[PDB]
Structure formats: C-alpha cells, structure tokens
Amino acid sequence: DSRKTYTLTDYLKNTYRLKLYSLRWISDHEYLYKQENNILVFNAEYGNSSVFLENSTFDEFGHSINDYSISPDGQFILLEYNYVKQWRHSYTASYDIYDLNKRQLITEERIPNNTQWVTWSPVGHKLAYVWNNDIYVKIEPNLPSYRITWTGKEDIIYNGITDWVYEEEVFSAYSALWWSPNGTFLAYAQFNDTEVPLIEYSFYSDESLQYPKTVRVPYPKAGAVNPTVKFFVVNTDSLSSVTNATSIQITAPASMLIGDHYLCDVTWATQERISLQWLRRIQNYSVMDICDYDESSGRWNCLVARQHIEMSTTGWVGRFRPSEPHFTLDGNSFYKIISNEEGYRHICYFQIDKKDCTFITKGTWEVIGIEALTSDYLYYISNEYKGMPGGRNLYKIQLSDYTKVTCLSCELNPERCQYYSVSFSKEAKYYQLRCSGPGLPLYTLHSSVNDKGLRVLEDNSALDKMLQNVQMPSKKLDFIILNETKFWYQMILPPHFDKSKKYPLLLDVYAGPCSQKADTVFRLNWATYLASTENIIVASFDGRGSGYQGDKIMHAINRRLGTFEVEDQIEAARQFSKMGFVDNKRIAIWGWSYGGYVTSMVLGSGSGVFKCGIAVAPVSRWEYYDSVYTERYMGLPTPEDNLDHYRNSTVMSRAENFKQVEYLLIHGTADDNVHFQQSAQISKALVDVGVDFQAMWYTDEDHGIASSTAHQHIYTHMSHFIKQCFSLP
C-alpha cells in the first residue's frame, strides 16, 4: 500500500488478533467449544450447537475462574481458581467440584487449597490430586479422599509430581500420574532429590517486602548428582477405608540398574499392560520394558524377551527423548518412530516379543508424529510434501498395504496451507485440521470415513479485511547448498522489496540441537514490525544441528556444542550478504536461550561480519546448565569424557573479541532455567578485559520475560538498540 504499516504498538498491544478455534472432543461425535463465554457442544455430524454450560451460571462464585475441566462422563466440571504459577508447566491452585445435572456445588470433602495437580480418569468421574507432594484419590467427587502415599517432603520426595529437571527436560509436564484406560490402575513415579544441590537466587517481590526472599530449587547442573526415580502402580478399585493403600513397585531393567538412568516415558497399552522407557545418563542407550499385571501375586511382571533396545552410536536417542509407542487395540504390537539406519526417522512396526521391527515408511524425510491408530488405518504427520522439512501434512497409510499412502491434507489449499495440525475424536471418527501457514490460520472439520470436509470453523477472514490496508511483509523460504548438502534459510522481506537496493540484515537465531527456524508458519511477531516499519530484512538459518533433516545433519554437533552451529550462522551471513541486496556493513544477530549463546559466541568469534548483537538470557558455560539437557549433547564434564570441550566452548573465552561489536546483554533476575549466573559471568569477563557494552536486567522476571509490562519494555529497548546500531532515524 501507501498507508498504514505494522508498527511496534501493533505487536505490543495486539491490534491485529488472530482468531483460534480450540475445541475439546467429548466423544466420537460431540465436541465442546467456548463462545461468548458460553461453553457449548457442537455435534460433529450436524454442526448443531447446544448450550453445555453458560456464562451467568458462575457470576455468583465470587472467584476468578482461571480454567475448567469437564469429566469424561460430563456429570461434573472442575473449577480452578487462585492460580499461582511456578515453572513452565507447574502451578498450585484451589479447586471446587460443581455437579452439572444436580446444579449444586459439592461441599463435602472438598479439594484442599494449594493443590499441586488434579486429573480425571480417562473414563468416568474418578479424581486423583497431589497435595504436599502426596497423592490422594476420590473415587466419587463427594466422598472422602483416599491417601496413597505418605512420604511427601518439600524439595526432597516427590509423589505424582515432577521435580525441575524432569518437568523441563524429560516429561515436558508437571504430572507424574498415569491412569489406566478404564480407570482401574493409577501409575505414578516418585522422585528423590536428597543429594541434588540447590540453585539459590533472590526474589525481591513487591515494594512492601522489606527483606528479599531466597528461592532454593534442586537443580542438577552438568555433572552434578541427578535425582533418582521409582515407579509404582496402585489398584484404584480395591481401596480400603480402614487400611492404608498398597503400591506395587516396577523395577527398571537390569541394564539400567548398573548406573544413573531416567524414567523418560510411561505409556499404557491395554488395561493390564504398561510400557516404560528408560534412558541411561549417557543418553546413547535406551531400553523399553513391557509389563503385564499378574492376578495371582498382584504384582507386575516384565519379561526380558519383551525388551526393545533403542541405542545410537553417533548421537542420542530421539529428538529430545525416545519416542512413545502407539499400541494396537489388543496390545501385542505397536508403532514407534526411530531412525532408519540412513539417519531418517520413520515409523517402525514392532512385535512385543520380536526385537526386530520392519520399517513401514522410508525416504529422505521424517515422520513428525503418530496421531491416531484405528483397526484399519494409521495416521501420521510428515514433511514429505515437496521435500520441504519446514512443512507439516497429514498422511494416511493402510495397515494391510503399506504402499497406499494418501495425502489427507496436502492440496486442500496448497497456496495457503503448508503446516498442519490434526485433532482426532474418540475412535478417530472425525478430526479437525489446523493450518498454521503460510496464509492466515484455517480451521477445518472433516470425517475420517471418506475424508468429508463437512464444515469450515474459522477462516480468519475478519483479520484478512484488516490486513489489506496495512503493508504486510513477505516471507521467502528457500535453501542454499554448502559442503554438498542442502541447508535451509528463511527471510522476512520489507514490503515492496526491491531486489537491487541494499537492506539492513537482522539474523534471528536459535540454532539449538534439533531446532527449525525456517518453516511455513504465519506469524505477527517483532520481526513483522522490523520488516514492515524499519525495512529490515529478518533472516533465520537452519544449519548443522537443525532437526527434521535426518540424523546426519542433526548429530553434527554431538560433543561439540558451540562449534559447527555457530560457524553456520557466520558463514551464512557471507552467503546472505553476497546475494547483493544486503548492506554488508549493517548486519546484526539476536537470540534467546540457546540462541543467545550462539549470538554471544558469534559476536566474540572475530569473524568481522556482524556489527552489533543482542543476547537475551544466554547460556555462557555449559557447566552452568542442567544435566539432562547438556549431557545429552555434551556428555559428562570429566577429564575422561568431554571436559576439554566443556572448557573450550565458554562465551567468557571470547571476551577480548567483543571489542569490535556492540553488545546488548539482557537477562531476568529470577530465571529458573538459564540462571542469571550465566549473564553475570559474561559481564564479569567483559569488564575484566576492558570491553564496553549495554546491559539490562529485569527484576523478578523468568526465562520468558513474559509479564505484560516487561514484555513491552524488552522489545521497546531492543528496538532502540537496533535502530541506533543501523543508524536508522
């Protein structure tokens, strides 16, 4: 156009809101959606909606309901209020149970305050909640709680809940509870943090607080004492109101009891069969156990003939952890995603008693995940369409043929949609397809029987009418060939991009192991503003170590974090600037977390290509980060393993080379992930050398710096730094 542009206020105040359609399947043909603060039910076949629960029915509760959970039988709703956040997924709150058909709030034997977790059984209206690191179970929402565990100790023993390193780098969740399908068994893990050292930092809180507060969390850094894990399964049907409950412990396989290990995956198969994945501390060896319930002794028996070893000799196991199994309806076979000897992750069909599997999928591409398993079909997401690793499409394969694969999403709108997310219903009767880009998000509803796109849920045409009178930037996704291998880049170009004029280049970088910054997803981000308003070329590059391109590219950074993936961004800038439309004297680089570590290593690399750079909460020394993440790619910091490279990779080593670049160092004082210690050691090295730089701390902010006021401040501050460094009025 020749009018309005995407400004910094549009991104900070969310002027152009993207509509979403988030539904919760209740059955095989009825789903729940919230509109006008009214919880409704949409019959998948007719589309006819109905009022499930309205808005004014809670205008007398006197509390701010933060979330809600409806039991799988629809007879109760779990109301959550007094939400208080902890880490990325953990939080405690207060709960109440409102009966639906009786329309009365249950008042007997209420859920106690400060409840750490609560979950329904997958079928029915049974409840299990964690409180004071101890598990409780209510067979019915109006009867007294049954106490399962008695060893709950704060920061020491965890029952049914995860510690820090398991919540963040293993399970990606706070819950360590696992119901059996039909509600009979409740499998729970136990974590022991006795000899795990504690990270300590200050929380200053509100002005009213006279003395600051010291936060102490068990945090296993690189090479420190990791926690230990036990596994238990309890029968939730034979609870006794006069005797304590009894838990049966499942021991890790003998190949895991000889050293440090992790419980990394729990997956129920039948209703008397459960699969546990274990991973050694050196995460190059994992073995999966399969355990059946023994009615005679009441125990659980796992046979060695049912063990499946998933190891690797050039790297680790899995993308971030070994994949989960998808069993058949009888529990004698399953499907998992593993490398295919050439390095590409495809689906393998396993027999629970035969250690060898047969790959039902092959090619120079990767399966992203397994979404549904029917008696006839097996649906999966992949990046196979047009050979682009940055795309996602839904696929269908026949259980009998293995050669009749059908692109269920590709070419439904190929000019607008190349990134898909599917949400199946119960029994995989229907499914919702979520298109994330390159166009506006598109929500479609289908029917798995004959692929009948019956309804369109959200076309986001309301956001389209607004974006016509603004000068939106374009998004190019292409590739380059270095060392005879194809590496992908992506660029956000200013509107009315002239191919001959020189442009400022901001190199956005994460470059983490198994990362992907070049995709087809549509975003209204800070890069949108820098390209639309400031006319800056925002570019990313997936190099050695980026995922979804075979284990050949991904494992290039094994035991060498801070070498290849850093030089990729450097030499790419040589390739970027040589394209002719880039000001080879105004090239910046900015990153967060691992990306901040890369930006720091690049600015101190003496490459002479980058002018300035910003690093937000960066890693500085791998011995400062946690053990599960770091040791997966770095091993152990001992003079026998990879300590020599542990010391050869710190940002502080490159202190004297920061005399040639402008440097903006940002870090939140309450960061539980990348502790402030990391940035404090960077500044201490730059000061002791004689390097001037800009610094900015954010009081009581975490790894996200995502508080409403702090998020606007950090992006306003980085905008000033970029505009000054590029000499842009």
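Under this definition, the rigid core comprises the largest set of C-alpha atoms superposing within 1.5 Å between the forms. So that there is no doubt, residue numbering starts at 1 and follows the sequence shown.
Of the two segments 291 to 299 and 317 to 325, the one whose CA positions lie farther from the displayed form in 6 other deposited structures of this protein, once all are superposed on the rigid core, is 291 to 299. In this entry, the higher average B-factor at the C-alpha atoms falls on 434 to 442, of the pair 434 to 442 and 589 to 597. According to the PDB record, 265 to 273 carries the higher mean C-alpha B-factor of the two stretches 222 to 230 and 265 to 273. As recorded in the entry, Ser448 carries the highest CA temperature factor of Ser90, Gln249, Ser653, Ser448. Of the residues listed, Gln694, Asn673, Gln677, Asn37, the entry assigns the biggest Cα temperature factor to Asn37. When the CA B factors of the chain's modelled residues are split into thirds, the value for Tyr11 lands in the middle one. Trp150 sits in the lowest third of its chain by CA B factor, as recorded in the PDB entry. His720: CA B factor in the lowest third of modelled residues in this chain (values from the PDB entry). In the deposited entry, the Cα temperature factor of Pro639 sits in the middle third of values across the chain's modelled residues.
When all modelled residues of the chain are sorted by CA temperature factor, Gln660 is found within the middle third.
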